[PDB]
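**Student:**
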Ligand SMILES: CC(C)(COP(=O)(O)OP(=O)(O)OC[C@H]1O[C@@H](n2cnc3c(N)ncnc32)[C@H](O)[C@@H]1OP(=O)(O)O)[C@@H](O)C(=O)NCCC(=O)NCCS
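Protein chains in written order, with the numbering used here: chain W, 336 to 491; chain P, 30 to 213; chain E, -17 to 256; chain Z, -17 to 256.
1. What is the rounded straight-line gap between the Cα of residue 415 of chain W and the Cα of residue 441 of chain W?
2. Using a beta-carbon distance cut-off of less than 9 Å, what residues from the region 369 to 390 of chain W approach chain Z?
3. Give every residue of the same chain whose Cβ lies closer than 6 Å to the Cβ of residue -11 of chain E, excluding the five residues on either side of it in the sequence, and list them in chain order.
4. From W:418, W:402, W:417 and W:419, pick the residue whose C-alpha is nearest to that of residue 411 of chain W; which is it?
5. What residues in its chain sit with their C-beta under 6 Å from that of residue 120 of chain E, if we drop five residues either side in the sequence?
6. Does the beta carbon of residue 177 of chain P come closer than 8 Å to any beta carbon on chain Z?
7. Kindly indicate the opening and closing residues of the alpha helix (DSSP H) around residue 333 of chain E.
8. Return helix, strand or coil for residue 248 of chain E, following the three-state DSSP convention.
9. Roughly how many whole angstroms lie between the Cα atoms of residue 39 of chain E and residue 208 of chain P?
10. What ranges does the beta strand (DSSP E) occupy inside the region 413 to 440 of chain W, keeping only unbroken runs of at least 3 residues that lie completely in it?
11. Should residue 445 of chain W be labelled buried (16 or more other beta-carbon atoms within 10 Å of its own) or exposed?
12. Which class does residue 444 of chain W belong to by DSSP, given the choice of helix, strand or coil?
13. With C-beta atoms as the reference, is residue 29 of chain Z less than 8 Å away from residue 81 of chain E?
14. Along the region -15 to 7 of chain E, where does the CB come closer than 8 Å to a CB of chain W? Name the residues.
15. Mind listing the chain P neighbours of residue 343 of chain E? Cutoff is C-beta to C-beta under 7 Å, in chain order.
16. Taking contact to mean at least 3 C-beta pairs separated by less than 8 Å, is the region 55 to 75 of chain E in contact with the region 87 to 94 of chain E?
17. Can you give me the C-alpha to C-alpha distance between residue 258 of chain E and residue 103 of chain E, rounded to a whole angstrom?
18. Anything in chain P within Cβ reach of residue 62 of chain Z, meaning under 7 Å, just list it in chain order.
19. Which whole-angstrom value is the C-beta distance of residue 243 of chain Z and residue 56 of chain Z, which I expect to be below 8 Å?
20. Can you pull the chain P residues whose beta carbon is under 8 Å from the beta carbon of residue 479 of chain W, in chain order?
21. Tell me, to the nearest whole angstrom, how far the beta carbon of residue 171 of chain E is from that of residue 130 of chain E; I am working on the premise that it is less than 8 Å.
22. Count the other CB atoms within 10 Å of the CB of residue 238 of chain Z; is the residue buried (16 or more) or exposed (fewer)?
23. Let's see if you can read the secondary structure: which residues bound the alpha helix (DSSP H) around residue 45 of chain E?
24. Do the region 115 to 125 of chain P and the region -2 to 16 of chain Z meet, that is, are 3 or more Cβ pairs less than 8 Å apart?
25. May I ask whether a heavy atom of ligand 1 can be found less than 7 Å away from the beta carbon of residue 422 of chain W?
26. Determine the burial state of residue 124 of chain Z: buried for a count of at least 16 other Cβ atoms within 10 Å of its Cβ, exposed for fewer.
27. I want to verify the contact list: residues of chain Z whose CB lies under 7 Å from the CB of residue 203 of chain P, in sequence order.
28. Quick one: does residue 199 of chain P have its CB under 8 Å from some CB of chain Z?
29. Can you check DSSP and say which residues form a bridge with residue 208 of chain Z?
30. In whole angstroms, give me the CA-to-CA distance for residue 32 of chain E and residue 393 of chain W.
31. Out of Z:152, Z:163, Z:140 and Z:47, point me to the one whose CA is closest to residue 7 of chain E's CA.
32. Using a Cβ-Cβ distance under 8 Å, would residue 66 of chain Z count as near chain P?
33. Check residue 409 of chain W in the structure and name its three-state DSSP category.
34. Which residues in the same chain have their Cβ closer than 7 Å to the Cβ of residue 198 of chain E, if we skip the five residues on either side of it in sequence?
35. Which residues bound the beta strand (DSSP E) around residue 388 of chain W?
36. Residue range of the alpha helix (DSSP H) that residue 160 of chain P falls in?
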């Protein structure tokens, strides 16, 4: 079954990709929405090792861990219930298929423009089998004011 | 010195040096005297062929070595070794300490794509896989292909020092299979 | 500066530096001010514990670090880095270029048995094999056990700086399992040859892994990261810098000229006509 | 080897080395074996006295050498050599290349106030002029007094590592005339500005000249040769190597990437068309 409250003020995210501008926009949105905690718990970039990226929480500087594998990102963070998939058109299918066998991820946001339609049909059918809510491909994201903002939606 | 001048004592030598006989009436390089170096009209690429490989390279290969030394010259002061040389020069040191403090950053992250981007393409070309399988092989392991990518000059906007080199290797240079593999 | 003094602009910073706050009224080390450094009576081993590990080490571990810096000092002028420092000092350079030209030989063959003789014994002890199988495992692959063997000081003739360290680690130092493993490998190898004893470059490696993972302050992923990042090359380099500066000052005080290296030690083997 | 083993051939030797006999059954330092080094309980200051000066220094002078190595350790990552070590460590090199790339900036502007602030005060004190004429002599030539001045810690706000050293040299340390001369120059210069105090790089220089020429063991031509050959650059380099290795291990433990230095800090001023 699909949820009805996708986002909240305790929603934590995992971002697939090296998207520090989008993560910083999400943290800036969280600071201007008087939120307690950042929206992004980790980042997943498979082409480098496990390190920490430096981001801003208002005036203060925080660190967000950049993991290499997605299983390492799910083991350290069980409170993450949304994944934002900034993968390209040729690697969003594999990333989403590898995402959907984790039961903690309740909703996925796919950003890529041009995923071929049989592949996104398979993504739709596995999301309907597993019960996760895919915010559809070729989107900018979604914004719930006060709680959560997906990536680069809204803009600056 | 007297017992070895008349040759009645034997000492094993270290430092076997297959390069640059300084003894005698002329400075010999690899096997070639310095008057033959300047008489055969080989430049700095010729003497790199003599000192580094101990071989008389053909006249296009010496000019390609000179061209590579001309494009691997300065790349602005922002980069890591140029930064260290400037921090050293502003501390008032001397030429050798400044050059040396900047040279000791040419490792793997700065300046090590020359050797890694050749070992990788050589281990891919000599294993006998087509390029469309090599890109996907390096796509399932992490580890981006070394020697691929620019931040600005892309396509319909070439790098214009990759291009001078590339049209040197296309014209004066027979049988170039690994560059064809890299272009695929 | 005015827009950041009144705080209306934000800049991301580089150079994250979890070491040595120079700003403020006192020089703070790891988290400890310099007046507390000299008031708690920690020596150079204490400030290596503060600068290198960011931890207040116990008073035996600081003294062991000082003892390791005292034995990894000079080992004569014949060895490779001391040779380079002397060739540099006789060319009339300066202290930094001489020390530096000798320091840039501490690699794998000279000065790299500290870190390799600890990685090897740690990868053998944490894999869970008895020493009598580790010696034969390193006997079927080539690759001699790093940190085993002396040319002269053998057995019934100990090395006497391996011994001062070894009786420091036996007395002031609780729970030392990797040194016991290395001494069992020593018992096995001294039956093969008389001169297969623990080096100083192997005993400092295994006793420093025992110092990291066996006292307080380190869990086991800090203690292995400091053994993998290279904090054991730093012990040899900081110890041997005293000997190399002593060699520079020695060749400046004896007033020796430029070195030329005579041609009957060289044996030129050049090609015929290239 | 056979003709020299039975001794019928003679070879002149190079590399005269009045330091560290490695041959024999024990490592001998200056003239003292390593078991006597650890038995007489001399620390790293004792083995610097043995390797650098070839002299058994008294027990306060060794502790002062250790104290100077403890204060000439890290001084934050902003300074020039620490910066070079961090730029080198973030390029992923190794410990020796990083330490070395940072050590090759200790020259005249960074790290050379130790030796210059001792040569200047020694050439002023041995010429036989009162401090009130030395300040005005260095006022008519340009060339500010090396070893005088701090940016922040001034007076009624002391530097607190100049102070630990200064109360070490006042207590455990007989007959210190050049430090008294430097403190009279300090009394004269703190009337001009509030922030013209003795540096740590000037107080270690003048207190080390007092250590050499004022205790035993040095006459006055050994004590001036060690001040002219460069044994005060070695104190800063050996102290600051602890901080630079700590900076390398810190940037390897924080796992930072290659540094690029943004273009809006550079201001290219190139010619028109050369
Ligand atoms: C995120 C986004 C930019 C895609 O990224 P991208 O431009 O493909 O850049 P990426 O780094 O993700 O991928 C670049 C590709 O080049 C490859 N590559 C990168 N560096 C490389 C190197 N050094 N060597 C070899 N190959 C390399 C990568 O493998 C990758 O392809 P992959 O799928 O095989 O991994 C895209 O989703 C986007 O436009 N974002 C906003 C979403 C949007 O607006 N779209 C919806 C309607 S507009």
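For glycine and all other residues, C-beta sits at the position ideal for the given N, C-alpha and C.
**Tutor:** If we stick to the structure as given:
1. 9 Å
2. 383, 384, 385, 386 and 387
3. none
4. W:402
5. 127
6. no
7. In the structure displayed, chain E extends from -17 to 256; residue 333 of chain E sits before or after that span and is not available.
8. coil
9. 56 Å
10. 415 to 420
11. buried
12. strand
13. no
14. -11, -8, -6, -5 and -2
15. Nothing can be reported for residue 343 of chain E: it is not among the residues displayed for chain E, which extend from -17 to 256.
16. yes
17. Because chain E spans -17 through 256 in this model, residue 258 of chain E falls outside it and cannot be assessed.
18. 116 and 120
19. Not confirmed; about 22 Å, so no contact.
20. Neighbours of residue 479 of chain W on chain P: none; closest Cβ ~34 Å, over 8 Å.
21. 6 Å
22. buried
23. 41 to 53
24. no
25. yes
26. exposed
27. In chain order: nothing, as chain Z lies at least about 37 Å away.
28. no
29. DSSP, once it has assigned bridges, lists no residue as partnering residue 208 of chain Z.
30. 32 Å
31. Z:140
32. yes
33. helix
34. 40
35. 386 to 392
36. 160 to 166
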